[PDB]
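Asker: So that we are looking at the same thing, I have put the structure below in structure tokens.
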Amino acid sequence: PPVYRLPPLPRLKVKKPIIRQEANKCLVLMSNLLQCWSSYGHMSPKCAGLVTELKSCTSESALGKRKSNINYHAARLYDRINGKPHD
Amino acid sequence: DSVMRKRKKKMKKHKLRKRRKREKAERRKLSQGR
Amino acid sequence: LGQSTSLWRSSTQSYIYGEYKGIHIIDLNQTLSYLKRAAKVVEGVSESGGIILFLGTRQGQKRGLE
Amino acid sequence: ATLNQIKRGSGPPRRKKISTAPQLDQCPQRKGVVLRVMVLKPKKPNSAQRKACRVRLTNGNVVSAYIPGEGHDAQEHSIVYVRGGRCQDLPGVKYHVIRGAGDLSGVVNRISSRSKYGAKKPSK
Amino acid sequence: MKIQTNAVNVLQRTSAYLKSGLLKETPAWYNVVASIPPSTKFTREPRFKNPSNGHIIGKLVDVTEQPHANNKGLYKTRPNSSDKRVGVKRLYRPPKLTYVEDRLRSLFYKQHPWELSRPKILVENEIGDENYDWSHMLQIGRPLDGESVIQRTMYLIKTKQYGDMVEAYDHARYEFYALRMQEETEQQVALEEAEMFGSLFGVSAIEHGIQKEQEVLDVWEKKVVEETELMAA
Amino acid sequence: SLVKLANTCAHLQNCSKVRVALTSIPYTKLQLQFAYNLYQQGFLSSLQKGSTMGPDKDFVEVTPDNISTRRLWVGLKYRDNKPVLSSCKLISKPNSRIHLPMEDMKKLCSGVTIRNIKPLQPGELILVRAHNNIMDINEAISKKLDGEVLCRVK
RNA sequence: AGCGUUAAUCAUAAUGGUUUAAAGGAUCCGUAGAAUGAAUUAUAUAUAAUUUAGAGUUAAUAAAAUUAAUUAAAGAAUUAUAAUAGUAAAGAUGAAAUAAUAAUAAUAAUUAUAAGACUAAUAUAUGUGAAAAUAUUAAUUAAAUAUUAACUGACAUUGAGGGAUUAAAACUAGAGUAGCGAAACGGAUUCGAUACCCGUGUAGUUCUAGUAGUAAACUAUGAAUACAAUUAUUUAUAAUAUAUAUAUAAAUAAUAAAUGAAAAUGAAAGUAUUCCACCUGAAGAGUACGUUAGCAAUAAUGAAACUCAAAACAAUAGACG
RNA sequence: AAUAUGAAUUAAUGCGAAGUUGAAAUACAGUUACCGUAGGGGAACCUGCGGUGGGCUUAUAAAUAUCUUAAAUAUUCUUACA
Ligand SMILES: [Mg+2]
Ligand SMILES: [Mg+2]
Ligand SMILES: [Mg+2]
Ligand SMILES: [Mg+2]
Ligand SMILES: [Mg+2]
Ligand SMILES: [Mg+2]
Ligand SMILES: [Mg+2]
Ligand SMILES: [Mg+2]
Ligand SMILES: [Mg+2]
Ligand SMILES: [Mg+2]
Ligand SMILES: [Mg+2]
Ligand SMILES: [Mg+2]
Ligand SMILES: [Mg+2]
Ligand SMILES: [Mg+2]
Ligand SMILES: [Mg+2]
Ligand SMILES: [Mg+2]
Ligand SMILES: [Mg+2]
Ligand SMILES: [Mg+2]
Ligand SMILES: [Mg+2]
Ligand SMILES: [Mg+2]
Ligand SMILES: [Mg+2]
Ligand SMILES: [Mg+2]
Ligand SMILES: [Mg+2]
Ligand SMILES: [Mg+2]
Ligand SMILES: [Mg+2]
Ligand SMILES: [Mg+2]
Ligand SMILES: [Mg+2]
Ligand SMILES: [Mg+2]
Ligand SMILES: [Mg+2]
Ligand SMILES: [Mg+2]
Ligand SMILES: [Mg+2]
Ligand SMILES: [Mg+2]
Ligand SMILES: [Mg+2]
Ligand SMILES: [Mg+2]
Ligand SMILES: [Mg+2]
């Protein structure tokens, strides 16, 4: 296969350490409720428990719950892992 | 030439072109019949 | 067992015996002679009462160094 | 810079002189007649009022000559001798009127550097 | 990296200091270094033999040295393109060490994959101390493996009992097999004996394996349930 | 030829720079003579005929069958982390070839710049061709040979 | 017994340079060269006879389908016209308007004709070409790689003058003209807006035959030869016992050394040799005058006076956006 | 015929003086800047066409990893053992 060797870089590091955390539960519930209220008119009792669940979630604060360290291993091992020729 | 230095040359060339445009009728008069 | 074929400082060419298993192999008669020479100078400074300093930054080396 | 190129005209550039005073015509002084006598504004940024003059030399060509010293006696026709100095702050004047000789008189009450101007020795 | 003058010319630099009077007292090492001089001759030295094979590096086969006709029946009357190129880099680049035994090793483990599963200690005991007569396979310090076979093959080749290499290899293989079978029988019968005389083994190998699998499965199950729940939501 | 000589000099310099031990040169008469002169003065450790691939152990006669593949192998020389043959500047270049009489050579030897040659140095060797035979400039003076000032090694 | 000053002469850096500071010709071809250029021996730098290592010639065997010129095809769309049914907006922009937009029935949609001009992916301009250039398909003619075999026997290198090709714009004819689009006109924007945005859109862009010979024609790096330390990538060649690990070359990417004002160059910006081009402070100036060439625009050639002690590059640390 | 000097009027250019009109360039300089060329504009300039970088190489993750005697054995060992 085609290998791709980089040039000498200043610092191997992920550009942005997106953590990729899970979406909020309260937001999901709110979206579900919105979807339900699309159908079934304005406020029918099919979404009677969903609204209650949303209220329970968003009682203390609007959202329920409130970093990736990959730099350390890349930073550490860049100089080793290089195919940089000798001094 | 850097770009800054080139810009003086460019300006000179433009001025020359302008002069030539101005002195077209005069040049024509000078050229024909002498 | 020398470093590797791709991690070669050609400055060290005289010392190496040949390559095998994708690895330069150090001429060991040469190694022996240099070791003896080194050993003799180590002995000499110890005899003269000199300060010998053993420097070894790698992981496992500490105890033997001490 | 190849050997052949050098042979057919190439080498280090040589400069002798471009003559500081061309209008003087390869000689120490020339006599001239003053035409007008001015007061020039110097170049930036040093400022004064420089007592220059315009002089038609004997060879024919006309020249802007500086007049040194405190006091200058020069009319619109005075006999004046020009030498090849240069007034550095005034642009376009590359000459000095030599001051002891001609209708240009020696600078008055000069004690230091008297030969540089016209000044005679006071003689006690 | 440039060849450093200042690492090996130490005594000269100090001798100068001593001469000057910059140094009042001589170092401890000074006399010792004078007695035992450094190399200071950091050359690229050429090599003319491959040590493993014994091939000649430097020489060139001439047109006069090849009188007879070539493959495709053409007589060499001129030097070729490669015979004119100055092959100096071959003298200096270190030789690729080749052994006939490597090919035999490769063959053996192709023929016997499960010989790879027999663990191999690579940490050498005194290489000088050993003294193996390859008349037979079973040496004392050495275990029974493909290596021993190969050594036996080489011995046979040397002695010319089997002139052909392949036949010698086969013979060595057949010697090995009998020994392996004997080893296999030994362990089984020892196990049988142990069973007979009331020996008690707490964890058998298969039981151990099952236990090992069980923990992994338990780990998987909890994770898998969580994943299914996530998928549902 | 003189271009060849310059090329071999350049090659020698290159080899001195990187510290190779044993170096090939083209197999010509002038070149061989030059190499022999260097050896005798003490710049080369070894001098031996051989193939394009390496120096020859035994004698091999050179013919039209070999000649294209033939080569002159030469051992370089180092001492106390310094190469012996530092330089190989030639004097008579192909375009401006210079031919001195004996007096001019004497003057050069005794510290006089001649025909824009820096006069010869303490541990230097100016080689001189005289009737297709390369010599030291001092040797040429002694024998009294008006010759081409070939090259300069230090 | 002169000292000043002016006017002059000699010395005071080429023991130089041209990627980025002045300075590589747009590119090749090739004449002269009083330029340079292999091997061995023998004659008294040359002649002579021998060599094949440079440079060629012709085969054979592998590969490759590229670059020219010419001829013949293909394709998505675009605009225009017409029909169908269908309904009030459409198109545009930062937001708006003006317009061959639309209640004369559009726009969108579906069809159906025509016209030009372009060539999605593959694509890396990888590669190929002397350089300009060059990627839809096919054919024709031309030229092209490597290794072997044989032959020629230095026939070579570079190349002033010269010659040929040379993007875009421009020009002269004759076709062509969908889209784009200098100019022009109109609408916006703006204090103003001879602009940036939008709309009509003529030259032009297209072809055929020419003229012209310039571009940041750039790798801002002339051509050739010999040589020098490593690694990784591909590509091709040979052997290996077709798929392995090996030997070669070739290119590309990191470097060592070396060079360098440094940035950095890295088989050249290194070590050397040869040949050609070109530079010698900045302004004035690639201007004027003159000459040659062109249908012309213009192209080449190319001064001086006047005026300054400036002017320029690499890198450094800030401030600033 | 060539050369030199003069010429009403007229053009370029230099130096000084820092006035007016804009704000073209340097940062993404507020439309990337410049080369060639053509057309237009009080003036810098604007616009078309191809070229160039002396502007964007300024380039920096879709994440999960394994079984053999855990010790009366390894871990201790100071020229001993063999
Ligand atoms: Mg320049
Ligand atoms: Mg004074
Ligand atoms: Mg006095
Ligand atoms: Mg000089
Ligand atoms: Mg330079
Ligand atoms: Mg060029
Ligand atoms: Mg140029
Ligand atoms: Mg070229
Ligand atoms: Mg395409
Ligand atoms: Mg040529
Ligand atoms: Mg183009
Ligand atoms: Mg055109
Ligand atoms: Mg036309
Ligand atoms: Mg428009
Ligand atoms: Mg033409
Ligand atoms: Mg032009
Ligand atoms: Mg040009
Ligand atoms: Mg181009
Ligand atoms: Mg370095
Ligand atoms: Mg140099
Ligand atoms: Mg680099
Ligand atoms: Mg003239
Ligand atoms: Mg012109
Ligand atoms: Mg006349
Ligand atoms: Mg007049
Ligand atoms: Mg204003
Ligand atoms: Mg602009
Ligand atoms: Mg912008
Ligand atoms: Mg601006
Ligand atoms: Mg701008
Ligand atoms: Mg603006
Ligand atoms: Mg406009
Ligand atoms: Mg443009
Ligand atoms: Mg910029
Ligand atoms: Mg940049």
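Each chain of the structure tokens is named A, B, ... in the order shown, its residues numbered from 1; ligands are numbered from 1 in display order.
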Can you pull out every residue with an atom within 7 Å of ligand 1? Use only C-alpha atoms (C1' of nucleotides) and all ligand atoms and format it as a list in words.
Answerer: residues 1 of chain B; 21, 22 and 23 of chain G
Asker: Deliver the residues from the most recent selection as a file, using N, CA and C atoms (P, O5', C5', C4', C3', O3' and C1' of nucleotides), as a PDB file, in the first residue's frame.
Answerer:
ATOM      1  N   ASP B   1      14.245  42.393  -7.418  1.00  0.00           N
ATOM      2  CA  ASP B   1      13.115  43.308  -7.057  1.00  0.00           C
ATOM      3  C   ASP B   1      12.138  42.682  -6.064  1.00  0.00           C
TER       4      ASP B   1
ATOM      5  P     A G  21      15.295  40.452  -3.882  1.00  0.00           P
ATOM      6  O5'   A G  21      16.876  40.472  -3.668  1.00  0.00           O
ATOM      7  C5'   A G  21      17.792  40.977  -4.666  1.00  0.00           C
ATOM      8  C4'   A G  21      18.672  42.053  -4.073  1.00  0.00           C
ATOM      9  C3'   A G  21      19.672  42.701  -5.028  1.00  0.00           C
ATOM     10  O3'   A G  21      19.086  43.753  -5.799  1.00  0.00           O
ATOM     11  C1'   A G  21      20.667  42.267  -2.890  1.00  0.00           C
ATOM     12  P     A G  22      18.518  43.459  -7.273  1.00  0.00           P
ATOM     13  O5'   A G  22      18.850  44.789  -8.092  1.00  0.00           O
ATOM     14  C5'   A G  22      20.062  45.552  -7.901  1.00  0.00           C
ATOM     15  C4'   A G  22      20.864  45.623  -9.183  1.00  0.00           C
ATOM     16  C3'   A G  22      20.910  44.330  -9.996  1.00  0.00           C
ATOM     17  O3'   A G  22      19.906  44.524 -10.992  1.00  0.00           O
ATOM     18  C1'   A G  22      23.125  45.089  -9.514  1.00  0.00           C
ATOM     19  P     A G  23      19.038  43.307 -11.556  1.00  0.00           P
ATOM     20  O5'   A G  23      20.134  42.400 -12.263  1.00  0.00           O
ATOM     21  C5'   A G  23      20.716  42.788 -13.517  1.00  0.00           C
ATOM     22  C4'   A G  23      21.809  41.817 -13.873  1.00  0.00           C
ATOM     23  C3'   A G  23      21.380  40.359 -13.799  1.00  0.00           C
ATOM     24  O3'   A G  23      20.767  40.118 -15.057  1.00  0.00           O
ATOM     25  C1'   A G  23      23.438  40.666 -12.643  1.00  0.00           C
TER      26        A G  23
END
Asker: Name the residues in contact with region 159-164 of chain G at a cut-off of 8 Å, using only C-alpha atoms (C1' of nucleotides), excluding same-chain residues fewer than 3 positions from it; report them as a PDB file with C-alpha atoms (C1' of nucleotides), in the first residue's frame.
Answerer:
ATOM      1  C1'   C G  29      19.385  24.456 -32.677  1.00  0.00           C
ATOM      2  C1'   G G  30      23.854  25.361 -34.622  1.00  0.00           C
ATOM      3  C1'   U G  31      28.450  28.638 -37.546  1.00  0.00           C
ATOM      4  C1'   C G 275      32.114  27.174 -22.668  1.00  0.00           C
ATOM      5  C1'   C G 276      28.494  31.024 -23.407  1.00  0.00           C
TER       6        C G 276
END
Asker: Please return as JSON, numbers by chain the residues found within 8 Å of ligand 28, counting only C-alpha atoms (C1' of nucleotides) and all ligand atoms.
Answerer: {"H": [28, 30, 31, 32]}
Asker: Generate the output file for the selected residues, N, CA, C and O atoms (P, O5', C5', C4', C3', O3' and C1' of nucleotides), as a PDB file, in the first residue's frame.
Answerer:
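For reference, selection38.pdb as written:
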ATOM      1  P     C H  28      -2.654  39.421   6.681  1.00  0.00           P
ATOM      2  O5'   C H  28      -3.298  40.036   5.357  1.00  0.00           O
ATOM      3  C5'   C H  28      -3.555  39.235   4.182  1.00  0.00           C
ATOM      4  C4'   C H  28      -4.908  39.556   3.580  1.00  0.00           C
ATOM      5  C3'   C H  28      -5.552  40.881   3.983  1.00  0.00           C
ATOM      6  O3'   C H  28      -6.317  41.436   2.917  1.00  0.00           O
ATOM      7  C1'   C H  28      -6.953  39.104   4.637  1.00  0.00           C
ATOM      8  P     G H  30      -7.475  47.971   0.753  1.00  0.00           P
ATOM      9  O5'   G H  30      -8.745  47.396   1.521  1.00  0.00           O
ATOM     10  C5'   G H  30      -9.326  46.123   1.191  1.00  0.00           C
ATOM     11  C4'   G H  30     -10.457  45.826   2.147  1.00  0.00           C
ATOM     12  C3'   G H  30     -11.531  46.909   2.207  1.00  0.00           C
ATOM     13  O3'   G H  30     -12.693  46.449   1.516  1.00  0.00           O
ATOM     14  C1'   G H  30     -10.542  46.615   4.354  1.00  0.00           C
ATOM     15  P     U H  31     -12.980  46.867  -0.007  1.00  0.00           P
ATOM     16  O5'   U H  31     -13.218  45.465  -0.729  1.00  0.00           O
ATOM     17  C5'   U H  31     -12.254  44.397  -0.620  1.00  0.00           C
ATOM     18  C4'   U H  31     -12.269  43.521  -1.853  1.00  0.00           C
ATOM     19  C3'   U H  31     -10.901  43.040  -2.335  1.00  0.00           C
ATOM     20  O3'   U H  31     -10.961  41.705  -2.835  1.00  0.00           O
ATOM     21  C1'   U H  31     -11.940  44.274  -4.048  1.00  0.00           C
ATOM     22  P     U H  32     -10.374  40.471  -1.980  1.00  0.00           P
ATOM     23  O5'   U H  32      -8.989  40.146  -2.702  1.00  0.00           O
ATOM     24  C5'   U H  32      -8.095  41.190  -3.137  1.00  0.00           C
ATOM     25  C4'   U H  32      -6.715  40.993  -2.558  1.00  0.00           C
ATOM     26  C3'   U H  32      -5.571  41.516  -3.413  1.00  0.00           C
ATOM     27  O3'   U H  32      -5.364  42.911  -3.201  1.00  0.00           O
ATOM     28  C1'   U H  32      -5.117  39.288  -2.818  1.00  0.00           C
TER      29        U H  32
END
Asker: Can you tell me which residues sit at most 10 Å away from ligand 19, counting only C-alpha atoms (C1' of nucleotides) and all ligand atoms, written as a list in words?
Answerer: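 My answer, listing the contacting residues, is residues 87 of chain A; 1 and 2 of chain E; 255, 256, 257, 258 and 259 of chain G.
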Asker: Please identify every polymer residue within 9 Å of ligand 23, using only C-alpha atoms (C1' of nucleotides) and all ligand atoms, and present the set as a PDB file with C-alpha atoms (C1' of nucleotides), in the first residue's frame.
Answerer:
ATOM      1  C1'   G G 286      15.008  50.750 -20.500  1.00  0.00           C
ATOM      2  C1'   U G 298       5.069  48.393 -30.610  1.00  0.00           C
ATOM      3  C1'   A G 299       9.961  45.318 -30.383  1.00  0.00           C
ATOM      4  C1'   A G 300      15.108  45.432 -30.268  1.00  0.00           C
ATOM      5  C1'   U G 301      19.340  48.664 -29.900  1.00  0.00           C
TER       6        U G 301
END
Asker: Residues of chain H within 9 Å of ligand 27: nearest atom pair and distance (Å, one decimal) for each, counting only C-alpha atoms (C1' of nucleotides) and all ligand atoms, sorted by chain and number, as a tab-separated table?
Answerer:
residue	atom	partner	partner_atom_place_in_ligand_line	distance
H:24	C1'	ligand 27	1 (Mg)	6.5
H:25	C1'	ligand 27	1 (Mg)	8.0
H:31	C1'	ligand 27	1 (Mg)	7.2
H:32	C1'	ligand 27	1 (Mg)	8.6
H:33	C1'	ligand 27	1 (Mg)	7.4
H:45	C1'	ligand 27	1 (Mg)	8.1
H:46	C1'	ligand 27	1 (Mg)	8.5
Asker: Write out, as a PDB file, in the first residue's frame, the residues just selected, with N, CA and C atoms (P, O5', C5', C4', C3', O3' and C1' of nucleotides).
Answerer:
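Written output follows (result.pdb):
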ATOM      1  P     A H  24      -7.753  53.122  -1.613  1.00  0.00           P
ATOM      2  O5'   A H  24      -7.079  53.407  -3.027  1.00  0.00           O
ATOM      3  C5'   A H  24      -7.124  52.438  -4.092  1.00  0.00           C
ATOM      4  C4'   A H  24      -5.730  52.134  -4.588  1.00  0.00           C
ATOM      5  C3'   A H  24      -4.829  51.361  -3.632  1.00  0.00           C
ATOM      6  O3'   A H  24      -5.092  49.960  -3.661  1.00  0.00           O
ATOM      7  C1'   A H  24      -3.645  53.215  -4.474  1.00  0.00           C
ATOM      8  P     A H  25      -4.773  49.055  -2.377  1.00  0.00           P
ATOM      9  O5'   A H  25      -3.188  49.146  -2.257  1.00  0.00           O
ATOM     10  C5'   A H  25      -2.329  48.528  -3.227  1.00  0.00           C
ATOM     11  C4'   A H  25      -0.898  48.556  -2.751  1.00  0.00           C
ATOM     12  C3'   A H  25      -0.642  47.947  -1.377  1.00  0.00           C
ATOM     13  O3'   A H  25      -0.519  46.529  -1.470  1.00  0.00           O
ATOM     14  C1'   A H  25       0.401  50.059  -1.502  1.00  0.00           C
ATOM     15  P     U H  31     -12.980  46.867  -0.007  1.00  0.00           P
ATOM     16  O5'   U H  31     -13.218  45.465  -0.729  1.00  0.00           O
ATOM     17  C5'   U H  31     -12.254  44.397  -0.620  1.00  0.00           C
ATOM     18  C4'   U H  31     -12.269  43.521  -1.853  1.00  0.00           C
ATOM     19  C3'   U H  31     -10.901  43.040  -2.335  1.00  0.00           C
ATOM     20  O3'   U H  31     -10.961  41.705  -2.835  1.00  0.00           O
ATOM     21  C1'   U H  31     -11.940  44.274  -4.048  1.00  0.00           C
ATOM     22  P     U H  32     -10.374  40.471  -1.980  1.00  0.00           P
ATOM     23  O5'   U H  32      -8.989  40.146  -2.702  1.00  0.00           O
ATOM     24  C5'   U H  32      -8.095  41.190  -3.137  1.00  0.00           C
ATOM     25  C4'   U H  32      -6.715  40.993  -2.558  1.00  0.00           C
ATOM     26  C3'   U H  32      -5.571  41.516  -3.413  1.00  0.00           C
ATOM     27  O3'   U H  32      -5.364  42.911  -3.201  1.00  0.00           O
ATOM     28  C1'   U H  32      -5.117  39.288  -2.818  1.00  0.00           C
ATOM     29  P     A H  33      -5.381  43.953  -4.432  1.00  0.00           P
ATOM     30  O5'   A H  33      -3.835  44.249  -4.682  1.00  0.00           O
ATOM     31  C5'   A H  33      -2.923  44.469  -3.588  1.00  0.00           C
ATOM     32  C4'   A H  33      -1.522  44.025  -3.944  1.00  0.00           C
ATOM     33  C3'   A H  33      -1.022  44.329  -5.354  1.00  0.00           C
ATOM     34  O3'   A H  33      -0.554  45.669  -5.476  1.00  0.00           O
ATOM     35  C1'   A H  33      -0.543  42.082  -4.824  1.00  0.00           C
ATOM     36  P     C H  45      -1.139  53.789  -8.211  1.00  0.00           P
ATOM     37  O5'   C H  45      -2.553  53.308  -7.652  1.00  0.00           O
ATOM     38  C5'   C H  45      -3.435  52.438  -8.388  1.00  0.00           C
ATOM     39  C4'   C H  45      -4.818  53.046  -8.468  1.00  0.00           C
ATOM     40  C3'   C H  45      -5.907  52.126  -9.004  1.00  0.00           C
ATOM     41  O3'   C H  45      -6.542  51.445  -7.927  1.00  0.00           O
ATOM     42  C1'   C H  45      -5.870  54.119 -10.277  1.00  0.00           C
ATOM     43  P     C H  46      -6.900  49.888  -8.039  1.00  0.00           P
ATOM     44  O5'   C H  46      -8.101  49.872  -9.084  1.00  0.00           O
ATOM     45  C5'   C H  46      -9.367  50.474  -8.756  1.00  0.00           C
ATOM     46  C4'   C H  46     -10.316  50.422  -9.932  1.00  0.00           C
ATOM     47  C3'   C H  46     -10.431  49.093 -10.662  1.00  0.00           C
ATOM     48  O3'   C H  46     -11.262  48.164  -9.974  1.00  0.00           O
ATOM     49  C1'   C H  46     -10.238  50.835 -12.240  1.00  0.00           C
TER      50        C H  46
END
Asker: Give me, as a PDB file with N, CA, C and O atoms, in the first residue's frame, the contact residues of chain E against chain H at a cut-off of 8 Å, counting only C-alpha atoms (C1' of nucleotides).
Answerer:
ATOM      1  N   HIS E 208      -8.581 -24.032  33.212  1.00  0.00           N
ATOM      2  CA  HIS E 208      -7.969 -22.703  33.277  1.00  0.00           C
ATOM      3  C   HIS E 208      -8.429 -21.817  32.124  1.00  0.00           C
ATOM      4  O   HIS E 208      -8.799 -20.659  32.329  1.00  0.00           O
ATOM      5  N   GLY E 209      -8.359 -22.365  30.914  1.00  0.00           N
ATOM      6  CA  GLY E 209      -8.800 -21.674  29.703  1.00  0.00           C
ATOM      7  C   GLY E 209     -10.247 -21.241  29.755  1.00  0.00           C
ATOM      8  O   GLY E 209     -10.579 -20.109  29.403  1.00  0.00           O
ATOM      9  N   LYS E 212     -10.653 -18.385  32.122  1.00  0.00           N
ATOM     10  CA  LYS E 212     -10.151 -17.181  31.457  1.00  0.00           C
ATOM     11  C   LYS E 212     -11.185 -16.591  30.502  1.00  0.00           C
ATOM     12  O   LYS E 212     -11.404 -15.378  30.481  1.00  0.00           O
TER      13      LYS E 212
END
Asker: Hey, what's within 10 Å of residue 25 (chain A) if we count only C-alpha atoms (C1' of nucleotides) and toss same-chain stuff fewer than 5 positions away? As an NGL selection string, please?
Answerer: :A and (30-31 or 54 or 57-58 or 63-65)
Asker: Next, write the just-selected residues to a file, as a JSON list (two decimals), in the first residue's frame, keeping C-alpha atoms as the atom set.
Answerer:
[["chain", "number", "residue", "atom", "x", "y", "z"],
["A", 30, "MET", "CA", -37.22, 18.28, 24.96],
["A", 31, "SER", "CA", -36.68, 17.28, 21.31],
["A", 54, "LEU", "CA", -38.56, 16.79, 31.11],
["A", 57, "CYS", "CA", -34.71, 16.69, 34.43],
["A", 58, "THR", "CA", -34.85, 20.50, 34.26],
["A", 63, "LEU", "CA", -29.33, 21.16, 31.65],
["A", 64, "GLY", "CA", -28.89, 18.00, 33.76],
["A", 65, "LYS", "CA", -25.19, 17.15, 34.09]]
Asker: Residues of chain G within 7 Å of chain C, using only C-alpha atoms (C1' of nucleotides), as a PyMOL selection string?
Answerer: chain G and resi 229-231
